[PDB]
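>>> got the complex split up, this is the first portion:
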Amino acid sequence: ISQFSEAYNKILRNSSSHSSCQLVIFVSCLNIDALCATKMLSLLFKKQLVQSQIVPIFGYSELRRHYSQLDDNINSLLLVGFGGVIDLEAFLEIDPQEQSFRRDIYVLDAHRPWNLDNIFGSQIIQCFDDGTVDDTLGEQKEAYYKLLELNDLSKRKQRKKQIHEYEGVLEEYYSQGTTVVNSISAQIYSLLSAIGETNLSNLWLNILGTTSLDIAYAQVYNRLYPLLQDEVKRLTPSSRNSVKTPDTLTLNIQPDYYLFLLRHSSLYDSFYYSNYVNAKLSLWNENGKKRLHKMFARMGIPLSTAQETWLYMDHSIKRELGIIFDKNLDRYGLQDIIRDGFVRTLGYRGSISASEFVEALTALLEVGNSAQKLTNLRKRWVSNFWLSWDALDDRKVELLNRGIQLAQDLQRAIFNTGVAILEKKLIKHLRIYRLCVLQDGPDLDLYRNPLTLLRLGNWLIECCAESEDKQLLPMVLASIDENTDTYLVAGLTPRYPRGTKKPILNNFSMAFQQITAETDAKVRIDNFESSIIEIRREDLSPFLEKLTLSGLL
């Protein structure tokens, strides 16, 4: 509810000290956006050389272990991606200490709607709600100034009728789907441009941030291109090349493709594993696989030349890469492939597509790495976080490729198993919504991570619906290996075929909390996201039955 620059000067005044500082910025959690945000944030701190503590939090339940344990001198705290949904004032408590409260916890979140207790009643925040939903948002505005603090019998009856009158519309609010308005990174950059830093790798961090989520909607991002492209116009390494030159040597616009790993993998394998194309062309089917080859017969690209790594393909095919696709792809309905994208060239190393980089980092997060076992695993993810954090750095590229050799493999897993599902037609159309469960599969170790099931779930909800009449219906998935029937189940959102009228607001967040409040059968919201929960095989089936009814949508 504040100016970004002024919130900045506040976090400046409470900061400096000695033995300074002290602030712990919480990077959270598994979302690439977090990295994108906190890296340019951390670089900004290093600019004024302000000491910081940076914590890789996984579990939402895990945050309590930290904040309740170690805090001493820390008067100014910062947090990322948490608290937009569940309020930490009740969760942490707080317990006001010393107006002009000593500690300011900044909470940065893209999630909506905000918790009601957060924005109004200033204690721990210093909210980041600005500027996306301001709004009004008159529904939260009347939620308090009316409620607080609230012949005489008719005035009591009138008063109470008014109270429930506000409580109904208030109940409409805060019970709702969790949907990201704008990427937190973008706003950190809006905060950053007011201070005056135009830095190139910074901007690349923004591009990374925005393009973190295009796998899932945009939704506003379709109109974020002005806010990026203009900035790309606010700077330039050289008016003209001047090949290369070995330095600056920076990012530029190119006809990029939702196509998967075009530059770091072989072309044919790049269609065959791509996510948008696995749908429209029915590639899980042997009968459709051929249709790809017909694409190549249309392009005049040899099959043998399609099998070869993209660095080494002939030059003629490169110069025709932006034409041939126009000549052909239009006929297959694949006409939405070509985006205007961002590509940063490091020169003699190669170039990297904005999206593919994100595929590298995601790749890093799950691989390349009774409560003791889950804690130890979540711990392994915590360590792995930094292995992924390092790849963002420019000076070490040598491990970034270790991401990509993984990012390929994962797909080779994901695709494979994905097909293993469609052969058995495991989809249960049900009535109100679509649902699935993986009872058996190869290498569930890869599927342990929330984000792995976010991408498999994504390639599957994308596959089932082209569309593909009728009625985009949200999907459900489940997997188990070890940790005694943890059976991780993540919520999902429907995918429109590039024509998106409504955000549609994932409802699993609410539907799960209704069940936690009913019989709560081995239901665990331990994962940071409201869409993804844990379950046991003993209680999963009654849970599934209680999921089927009553349907909130």
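Structure received. Residues are numbered from 1 along each chain as shown, chains lettered A, B, ... in the order given.
>>> Check which helices and strands the longest strand along chain A sits against.
Longest strand in chain A, counting residues (DSSP state E): strand A:341-347. Other helices and strands packing on strand A:341-347, by 3 or more C-beta pairs under 8 Å, 6 or more residues apart in numbering; DSSP states H and E, are helix A:200-210, strand A:251-254, strand A:350-353, helix A:354-366. From N, CA and C alone the C-beta is placed, and that goes for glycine too.
>>> again, only using 6 Å
Counting by 3 or more C-beta pairs under 6 Å, 6 or more residues apart in numbering; DSSP states H and E, the packing neighbours recorded for strand A:341-347 are strand A:251-254, strand A:350-353.
>>> Packing partners of the first one?
Spelled out, that is strand A:251-254. The elements that strand A:251-254 packs onto, with contact taken as 3+ C-beta pairs under 6 Å, 6+ apart, are strand A:341-347.
>>> Partner strands of the strand it packs on and their direction?
strand A:251-254 (antiparallel), strand A:350-353 (antiparallel) (DSSP bridges).
>>> what does that strand contact?
A:204, A:207, A:244, A:246, A:249, A:251, A:254, A:256, A:351-354 (C-beta atoms under 6 Å, 6 or more residues apart in numbering).
>>> let's see 8 Å
Outside strand A:341-347, the residues that touch it by C-beta atoms under 8 Å, 6 or more residues apart in numbering are A:204, A:207, A:211, A:228, A:232, A:244-247, A:249-257, A:351-355, A:394, A:397.
>>> Tell me how far that strand lies from the chain's centre.
The chain centroid and the centroid of strand A:341-347 are separated by 22 Å under C-alpha atoms, centre = their mean, to the nearest Å.
>>> Format the CA atom coordinates belonging to that strand as CSV.
Listed next in CSV are the C-alpha coordinates belonging to strand A:341-347 (Å, rounded to 0.1, in the frame of the first residue of the first chain):
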residue,chain,number,x,y,z
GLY,A,341,10.9,-13.6,-27.9
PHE,A,342,14.0,-12.4,-26.2
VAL,A,343,17.4,-14.1,-26.8
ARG,A,344,20.6,-13.2,-25.0
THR,A,345,23.8,-14.1,-26.9
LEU,A,346,27.0,-14.8,-25.0
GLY,A,347,28.7,-14.9,-28.3
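>>> Kindly incorporate the sequence below as chain B:
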Amino acid sequence: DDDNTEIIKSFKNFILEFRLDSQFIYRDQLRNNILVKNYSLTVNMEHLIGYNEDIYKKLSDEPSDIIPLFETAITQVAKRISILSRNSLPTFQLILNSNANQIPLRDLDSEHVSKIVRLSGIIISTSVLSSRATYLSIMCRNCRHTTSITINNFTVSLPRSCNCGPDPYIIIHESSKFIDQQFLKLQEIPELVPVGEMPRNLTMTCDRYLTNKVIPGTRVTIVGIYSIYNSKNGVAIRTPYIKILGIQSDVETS
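Chain B, in position alongside the others:
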């Protein structure tokens, strides 16, 4: 041949200006190689294609007409590094090993002939060394023309003109500079793809510093050009071999 000047200028500009942040990998590859008296250079194609797409566009087009202009191009560089004036310095061999896409032995059929082909197979036996020639002087049986012939790679008959004839040219072996050659013969790996048939073995000629680099029986991945030689045994029926530049054994192997 101003075109060869144009190509070699690009190769010099590729060696002197190449930057991996910030050491020059090649330029130091060179020095650290002449000091130990290795007289070789190993190019990493990914850096090459990163630098200019163009020179790799031509180098995958007609390799055997180009690669020696790359050799002379690099040895003209070691002249400005290893020594200074105002000898003798052999033209270095380049060994280029790169990822690309593995092309299995069975799948080599024409069509890629004279186009660089990376592949993988277990070496059967190594043939005993024998020298080819590099620089040899020649005198005529009659007019006694003193001709210094620079033979290059990659067969080549001697010139008949200064009766005289038909081929009055003698090889002077007292001044002739010689290199070495190997002839690996490699049987493709037993895992794939024997099916029901005995696996084929393509004959390969290693040379200079790759020679005796590999003990027979060790799995390797060869790079090299693919090309054909005559060897009367019709019609016409020329038989296939793989020139190697350059060989890289599997991990490690020492």
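>>> Please reconsider what packs on strand A:251-254 now that chain B is part of the model.
Using 3 or more C-beta pairs under 8 Å, 6 or more residues apart in numbering or on different chains; DSSP states H and E, the elements in contact with strand A:251-254 are helix A:200-210, helix A:224-233, strand A:341-347.
>>> do that again at 6 Å, thanks
strand A:341-347 (3 or more C-beta pairs under 6 Å, 6 or more residues apart in numbering or on different chains; DSSP states H and E).
>>> and the strand it packs on, does that touch chain B?
No: Strand A:341-347 does not reach chain B (C-beta under 6 Å from any C-beta of the partner chain); its nearest approach is 6.8 Å.
>>> Show me the strands in the chain, by range?
Went with chain A since none was named. Using DSSP E, strands in chain A cover A:24-27, A:53-56, A:76-80, A:104-108, A:251-254, A:341-347, A:350-353, A:477-479, A:488-490, A:532-533.
>>> wrong one, chain B
Using DSSP E, strands in chain B cover B:40-41, B:93-94, B:119-126, B:133-140, B:147-150, B:169-178, B:184-188, B:201-205, B:219-222, B:226-229, B:239-243, B:248-249.
>>> Any idea how many residues pack against residue A:516?
Using other C-beta atoms under 10 Å in any protein chain shown, residue A:516 has 13 neighbouring residues.
>>> nope, residue A:158 is what I was after
10.
>>> so how far is residue B:140 from the residue sitting furthest away from the middle of chain B?
Most distant from the centre of chain B: residue B:163, at 37.8 Å, with distances by C-alpha atoms, centre = their mean. Residue B:163 sits 11 Å away from residue B:140, going by C-beta to C-beta, to the nearest Å.
>>> before we move on, back to that, could you check the angle the longest strand of chain A makes with helix A:200-210?
Here the directions of strand A:341-347 and helix A:200-210 differ by 140 degrees (axes from the mean of the first three to the mean of the last three C-alpha atoms, to 10 degrees).
>>> related to what we said a few turns ago, could you dump the strands of chain B to CSV with distance to chain A and mean neighbour count?
As requested, the strands of chain B are exported to CSV (distance: least, C-beta to the nearest C-beta, whole Å; neighbours: other C-beta atoms under 10 Å in any protein chain shown):
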stretch, distance to chain A, mean neighbour count
strand B:40-41, 17, 21
strand B:93-94, 18, 20
strand B:119-126, 13, 18
strand B:133-140, 31, 17
strand B:147-150, 32, 13
strand B:169-178, 35, 13
strand B:184-188, 18, 21
strand B:201-205, 19, 18
strand B:219-222, 15, 19
strand B:226-229, 14, 15
strand B:239-243, 18, 18
strand B:248-249, 17, 18
